[PDB]
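Below is one structure, written out as structure tokens, with a few remarks after it.
Number of protein chains: 2
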Amino acid sequence: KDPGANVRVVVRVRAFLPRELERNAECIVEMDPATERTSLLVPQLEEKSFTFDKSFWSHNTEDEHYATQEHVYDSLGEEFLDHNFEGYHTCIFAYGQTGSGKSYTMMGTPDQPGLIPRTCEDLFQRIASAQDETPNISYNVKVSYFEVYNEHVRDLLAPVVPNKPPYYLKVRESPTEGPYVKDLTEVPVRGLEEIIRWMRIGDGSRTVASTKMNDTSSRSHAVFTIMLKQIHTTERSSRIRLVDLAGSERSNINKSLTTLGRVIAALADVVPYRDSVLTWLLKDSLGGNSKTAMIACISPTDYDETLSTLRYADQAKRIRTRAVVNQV
Amino acid sequence: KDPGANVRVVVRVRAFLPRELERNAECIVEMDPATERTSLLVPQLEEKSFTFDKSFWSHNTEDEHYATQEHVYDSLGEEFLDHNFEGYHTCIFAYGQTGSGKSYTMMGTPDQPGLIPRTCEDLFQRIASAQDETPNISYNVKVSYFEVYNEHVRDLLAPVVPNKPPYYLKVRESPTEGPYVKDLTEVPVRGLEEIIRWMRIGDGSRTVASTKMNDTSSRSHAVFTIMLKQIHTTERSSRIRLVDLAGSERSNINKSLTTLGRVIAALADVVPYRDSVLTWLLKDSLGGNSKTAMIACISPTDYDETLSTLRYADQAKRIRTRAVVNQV
Ligand SMILES: Nc1ncnc2c1ncn2[C@@H]1O[C@H](COP(=O)(O)OP(=O)(O)O)[C@@H](O)[C@H]1O
Ligand SMILES: Nc1ncnc2c1ncn2[C@@H]1O[C@H](COP(=O)(O)OP(=O)(O)O)[C@@H](O)[C@H]1O
Ligand SMILES: [Mg+2]
Ligand SMILES: [Mg+2]
């Protein structure tokens, strides 16, 4: 009786890590194959159940209801890509503690490819296939990619130059298409190959964690975005926003990830979109004209951290967006 | 009775892949903890033993003689770094079929770090520690990084620009310090953090495979090189060469990896160094002034492809280099 999309919410518990494996480390998450339910168990102060649009069990290979990367795409990813081609603005963000599997989910591995390349691959096949199915229609892909870190935005695709003075982009406002980053490089991409190249580039340009030997900063959020324009004399374009958020564990190096929580809170139970760069840039995706999905990633061992992730996810089911179809 | 270093040869069999795992896929490699022996078994035309400087069993976690990434470094990597700081030119190359674990070994994972970052970390700790142990001495690190692909050399650290006309560097010859790449960017690096940044950049700049969704070209060789200069009014520099070769399976897109074989062959049982770009640039690491290691990577399932890798590794034991200590 009103037109609002609910934020699609989905959880994915990952497999034990060698570190934990070592410890005969306990597992405190259970997902029902049938009901889409996730249960936080009590390790040997209480047991909690939740229901989500999907509860992805990616914790044990040999389980009957195991959820592969392909299976995650096939549920969430693909359907959202449909919406994009039907001219919706899409947005999927991975949220959860560091090491919960946000990056694995979104990006995955060379031979374990996650949401993003999946989408890319899917996308281009469609375009290719929509040649002789619909020859008076044709497509046009640009990709852009940036991370926020310490309330600073940097263009992950921009060339980088030794004796580095790291260079930050400005955030400004389309009176019609929301907030955006002033001057972010957007790169026309003709194929999978080309796209997944710029993906790889941008990626190795992220902030390096100094805590691991060899990692991306656990406190950097990254936004990969595919703008997709369909031309028929007349054309319209949708934009695919795909986000790998900074870990959630219990300018300021924090502001963004914490005030994000404040937003989701506002939108369920003045939304403080502008109290942070990330939330301001995603203002539209979290309540503007966006078909939007949250993927709560959870560790199978961490009790309070998982309980938090879950609480948010639960709270985020209540958010409603005003998702439309674009045209010019 | 003559001063030649033997090429150090080492092999590492990796764990099954999920794909193989699926198949109850057979395992045909066996390493003796005690003797450094590797045996190619007969699947259920013959059984073949070999001995190497080390035979790394990285195929099953719960095994008593399992070889971690850390343990691979602690054998090969460290000793070699020692040689570097003593002023030797080092070079370690990974060789084997695609998917054998070359990249995993050399580079590894964010939380599975291989040879390279390990080396970088070790290196910088030494320098840090050699502050107040030896304050009249101090160090100076530059990193450079390039891949060869289709007999083309490209500067993986050079900035890259949209509407990309991919840009190839030239090969010219130091009448004194061998072959080298004319104008390759070398980047002074002040810390672990700085170096492993530039590693990540260069990396995401490699050629994209179009066979996988999301991968580096199985046919690109990458040469990561750390030039380390020790200053005392007087200084000298050694260079660490770390190589992730193109796979070995059954300008021309092949020339390099195949004529490499022809070289190793020449040096054991006119060495055709210049018949390819790769072998010409490594001319020096393969028989010049270089302490040098080969790491043969092998799949635990692939019979002929492993037998070939092994054949070469066996043959490479015979190579002797003319490894010195440098000074100016
Ligand atoms: N769903 C999964 N199943 C098995 N292993 C996983 C899964 N997700 C992540 N991993 C592994 O766990 C580690 C942490 O994953 P990562 O995606 O970096 O977490 P985060 O992005 O939250 O830091 C990585 O080694 C990753 O490969
Ligand atoms: N030693 C190992 N133990 C367990 N898994 C491995 C090992 N080496 C490689 N793998 C996995 O096998 C796959 C192929 O490894 P990779 O290094 O890419 O081989 P190559 O570089 O020869 O293509 C990767 O997913 C890698 O993470
Ligand atoms: Mg991550
Ligand atoms: Mg590789």
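Same order as they appear, the protein sequences are chains A and C. All the letters of the first sequence, read from the start, carry residue numbers 34 to 77, 93 to 280, 288 to 305, 320 to 338, 364 to 422 under the authors' numbering. All the letters of the second sequence, read from the start, carry residue numbers 34 to 77, 93 to 280, 288 to 305, 320 to 338, 364 to 422 under the authors' numbering. Backbone N, C-alpha and C define an ideal beta-carbon position, used for all residues, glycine too.
Buried versus exposed, by CB contacts within 10 Å (16 or more), residue i
i: residue 345 of chain A; result: Absent from the coordinates is residue 345 of chain A, which sits in the stretch where chain A moves from 338 straight to 364.
i: residue 176 of chain C; result: exposed
i: residue 323 of chain A; result: exposed
i: residue 166 of chain C; result: buried
i: residue 211 of chain A; result: exposed
i: residue 55 of chain A; result: exposed
i: residue 364 of chain C; result: exposed
i: residue 431 of chain A; result: No answer is possible for residue 431 of chain A: the residues shown for chain A start at 34 and end at 422.
i: residue 328 of chain C; result: buried
i: residue 394 of chain C; result: buried
i: residue 310 of chain C; result: Coordinates for residue 310 of chain C are absent; the numbering of chain C skips from 305 straight to 320.
i: residue 305 of chain A; result: exposed
i: residue 269 of chain C; result: buried
i: residue 57 of chain C; result: exposed
CB contact below 7 Å: residue i versus chain C
i: residue 252 of chain A; result: yes
i: residue 213 of chain A; result: no
i: residue 245 of chain A; result: yes
i: residue 394 of chain A; result: no
i: residue 258 of chain A; result: yes
i: residue 207 of chain A; result: yes
Assigned secondary structure, residue i (DSSP; H/G/I helix, E/B strand, else coil)
i: residue 409 of chain C; result: helix
i: residue 193 of chain A; result: strand
i: residue 119 of chain C; result: helix
i: residue 388 of chain A; result: strand
i: residue 301 of chain A; result: coil
i: residue 18 of chain C; result: For residue 18 of chain C there is no data in the structure shown, the boundaries of chain C being 34 and 422.
i: residue 61 of chain C; result: coil
i: residue 274 of chain C; result: strand
i: residue 127 of chain A; result: helix
i: residue 398 of chain A; result: helix
i: residue 322 of chain C; result: coil
i: residue 332 of chain C; result: helix
i: residue 135 of chain C; result: coil
i: residue 151 of chain C; result: helix
i: residue 159 of chain A; result: coil
i: residue 250 of chain A; result: helix
i: residue 241 of chain C; result: helix
i: residue 403 of chain A; result: helix
i: residue 54 of chain C; result: helix
Any non-hydrogen atom of ligand 2 closer than 6 Å to residue i Cβ
i: residue 252 of chain A; result: no
i: residue 47 of chain C; result: yes
i: residue 258 of chain C; result: no
i: residue 162 of chain C; result: no
i: residue 147 of chain C; result: yes
i: residue 106 of chain C; result: yes
Interface flag, residue i vs chain A, CB-CB below 7 Å
i: residue 45 of chain C; result: no
i: residue 262 of chain C; result: yes
i: residue 249 of chain C; result: yes
i: residue 359 of chain C; result: No atoms are given for residue 359 of chain C, which sits in the stretch of chain C between 338 and 364 that the model skips.
i: residue 235 of chain C; result: yes
i: residue 241 of chain C; result: yes
i: residue 36 of chain C; result: no
i: residue 210 of chain C; result: yes
Heavy atom of ligand 3 within 6 Å of residue i beta-carbon
i: residue 151 of chain A; result: yes
heavy atom of ligand 1 below 6 Å from residue i C-beta
i: residue 159 of chain C; result: yes
i: residue 303 of chain A; result: no
i: residue 226 of chain C; result: no
Report task. For the stretch 152-168 of chain C, enumerate the residues whose C-beta is nearer than 7 Å to any C-beta of chain A, in chain order. Result -> Sequence-ordered contacts of the stretch 152-168 of chain C with chain A read 158, 159, 161 and 165 [C-beta pairs closer than 7 Å].
Query raised in the report: Mind listing which residues of the stretch 38-63 of chain C have their C-beta closer than 9 Å to chain A's C-betas, in chain order?
Result: Taking 9 Å as the Cβ-Cβ cut-off against chain A, the residues of the stretch 38-63 of chain C that qualify are 50, 51, 52 and 54.
Query raised in the report: Using Cβ-Cβ distances below 8 Å, what residues of the stretch 185-198 of chain C are close to chain A?
Result: The residues in question: there are none.
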